[PDB]
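Asks:
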Amino acid sequence: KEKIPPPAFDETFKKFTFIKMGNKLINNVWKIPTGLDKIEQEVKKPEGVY
Amino acid sequence: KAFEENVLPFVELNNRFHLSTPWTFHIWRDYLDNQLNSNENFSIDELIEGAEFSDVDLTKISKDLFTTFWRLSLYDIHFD
Numbered sequence: 503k504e505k506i507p508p509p510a511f512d513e514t515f516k517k518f519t520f521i522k523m524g525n526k527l528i529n530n531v532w533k534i535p536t537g538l539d540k541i542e543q544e545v546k547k548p549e550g551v552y
Numbered sequence: 880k881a882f883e884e885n886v887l888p889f890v891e892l893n894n895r896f897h898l899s900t901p902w903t904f905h906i907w908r909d910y911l912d913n914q915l916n917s918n919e920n921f922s923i924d925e926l927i928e929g930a931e932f933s934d935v936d937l938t939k940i941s942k943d944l945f946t947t948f949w950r951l952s953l954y955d956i957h958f959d
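Protein chains in written order, with the authors' numbering: chain F, 503 to 552; chain G, 880 to 959.
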């Protein structure tokens with residue numbers, strides 16, 4: 503004598519994270535800024551070094 | 880042409896960055912001897928194309944020999 507309610511099916515998908523890759527280790531390698539302007543400010547002048 | 884678009888030019892490998900003159904001519908010696916044996920009107924192009932030499936002092940050196948010493952390989956000095 504039990505009134506059966508209609509079941510509720512979940513129509514929602516799981517959400518993603520802020521880490522854009524799998525690990526936090528693999529993701530850390532892909533945050534190093536690469537370019538030709540980064541080598542520019544490191545080697546700046548040899549005569550200033552000399 | 881693929882060598883030209885990938886490797887940076889000789890003028891700003893000595894001005895923006897600072898590479899050394901043994902290392903700068905080692906990359907750009909096969910190209911500056913293929914173009915000199917291609918056409919003779921290109922002979923006036925490359926030798927005008929020169930940047931500032933901040934590593935060595937050009938004040939009482941002769942550039943008639945300083946450019947001439949760094950341009951030649953062992954291919955055109957020794958013969959057997």
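From the three backbone atoms N, C-alpha and C, an ideal C-beta is built for every residue, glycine too.
Is the beta carbon of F889/G closer than 7 Å to that of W907/G?
Replies: The sequence position of residue 907/G within the second sequence is 28, counting from 1. The sequence position of residue 889/G within the second sequence is 10, counting from 1. Yes, the Cβ-Cβ distance between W907/G and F889/G is below 7 Å.
Asks: Have a look at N894/G and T938/G and give me their C-alpha separation to the nearest angstrom.
Replies: Within the second sequence, residue 894/G is the residue found at index 15, counting from 1. Within the second sequence, residue 938/G is the residue found at index 59, counting from 1. Taking the straight line joining both Cα atoms gives about 19 Å.
Asks: Is there a C-beta anywhere in chain G that falls below 7 Å from the one on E513/F?
Replies: Stepping through the first sequence from its first residue, residue 513/F is reached at position 11. Taking Cβ atoms only, chain G never reaches closer than 7 Å to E513/F, which makes this a no.
Asks: Taking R908/G as the query, report the chain C residues whose CB atoms sit under 8 Å from its CB, ordered along the chain.
Replies: Although the question refers to chain C, the structure presented lacks it and instead comprises the protein chains F and G.
Asks: Are there three or more Cβ pairs, one per stretch, closer than 8 Å when the stretch 523 to 543 of chain F is compared with the stretch 900 to 917 of chain G?
Replies: The stretch 523 to 543 of chain F vs the stretch 900 to 917 of chain G: no contact.
Asks: What are the uninterrupted segments assigned as alpha helix (DSSP H) that are 4 or more residues long and contained completely in the stretch 910 to 936 of chain G, given in chain order?
Replies: Listed in chain order, the complete alpha helix (DSSP H) runs (minimum 4 residues) inside the stretch 910 to 936 of chain G are 910 to 913 and 922 to 927.
Asks: Is there a Cβ from chain F that is less than 7 Å from the Cβ of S933/G?
Replies: In the second sequence, the residue the question calls residue 933/G occupies position 54. Yes, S933/G counts as interfacial toward chain F.
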